[PDB]
Amino acid sequence: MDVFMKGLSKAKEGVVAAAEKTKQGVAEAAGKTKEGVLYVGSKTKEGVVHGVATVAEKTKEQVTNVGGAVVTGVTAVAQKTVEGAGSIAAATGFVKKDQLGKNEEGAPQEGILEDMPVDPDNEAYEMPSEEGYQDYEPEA
C-alpha cells in the first residue's frame, strides 16, 4: 500500500533488466577485443567507411518506425500535463472555510458627534428636572 514501496520495487526491476543487458554487452565486447589485437586484411579502412555508410541507410527505416512512436508518446504526456494542473488549482485555491464573518464592530457609535456632550459638573442644568424640591433656602 505504501506508494513508496511500489516506486522502490519498480526501480529494482530496471536495475536488473539493465544488468542482463550490460552483462550481455561486455560479453560480445570481450570476444570483439580478441579480434582487435589480431589484424584482418579483410576489414580495411575503406571497408569500415562502407560499413557506417550502410548502417546510415537502415537508421532511416528505424527512426521512421519509431518516429510515429515518439509522437504518440508525447501525446500521452500532453494529456498528463493538463491533468497535473488540477493540483496547481488546489495550491492556489486554499481550502475554502465557511464559518466566520470577521465582524469585530462596524464602529456602531450613535451619532456624528463624539457622543460625549454630557457635562460632569451636574449631568445637565441641575440633576433630573424634578420640581426643585429643595435647592434654595429662601423662598426664591
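Here, every reference points to the structure presented above.
Structure report, in brief. (Residues numbered from 1 in each chain as written, not as in the entry; some residues may be left out. Heavy atoms only, no water.)

What follows covers the overall build of the protein. Regarding its fold elements, the protein presents 2 helices and 0 strands. For 140 residues, the compact-globule estimate of 2.2 N^0.38 gives 14 Å, and the protein exceeds it by more than 25% at 47 Å. The dimensions of the protein, computed from C-alpha atoms along their principal axes, are 155 × 30 × 30 Å. As displayed, the protein offers around 14,300 Å² of accessible surface, 63% of which is attributable to carbon and sulfur atoms. Placing the 15 positive and 24 negative side-chain charges of the protein at their respective mean positions leaves the two points 51 Å apart. (Helix = DSSP H or I, 4+ residues; strand = E, 2+ residues; numbered from the N terminus. Rg over C-alpha atoms; globule rule 2.2 N^0.38 Å. Areas by Shrake-Rupley, 256 points an atom, 1.4 Å probe, with all protein chains shown as cover. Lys, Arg positive; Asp, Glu negative; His and termini not counted. Charge placed at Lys NZ, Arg CZ, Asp CG, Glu CD.)

A separate point is unusual backbone geometry. With phi around 50°, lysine 102 is a residue other than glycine that occupies positive phi space. Residue position: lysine 102 is located in the segment after helix 2 (45-92). Even without a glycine there, the phi angle at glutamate 123 is positive, about 65°. For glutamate 123, the location among the structural elements is in the segment after helix 2.

With that out of the way, let us pick up helix 2. Approximately 30° is the largest bend angle found in helix 2, and it occurs at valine 66. Of all 48 residues that make up helix 2, 0 are buried, and the element is exposed over most of its length. (Bend = angle between axes of the 7 residues up to and from the residue. Buried < 20%, exposed > 50% of the residue type's maximum accessible area, 1.4 Å probe, protein only.)

Right, let's talk about a nonpolar patch on the surface for a bit. Taken together, the side chains of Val48, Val49 and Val52 define a hydrophobic patch exposed on the protein surface, amounting to about 270 Å² of accessible area. Among the structural elements, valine 48 can be located in helix 2. Residue classification places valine 48 among the partly exposed positions, given a relative accessible area of 44%. (Patch = residues over 30% accessible without salt bridge, like charges linked within 9 Å, V, L, I, M, F, W, Y side chains within 5 Å. Salt bridge = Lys/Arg side-chain N within 4 Å of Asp/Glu carboxyl O.)

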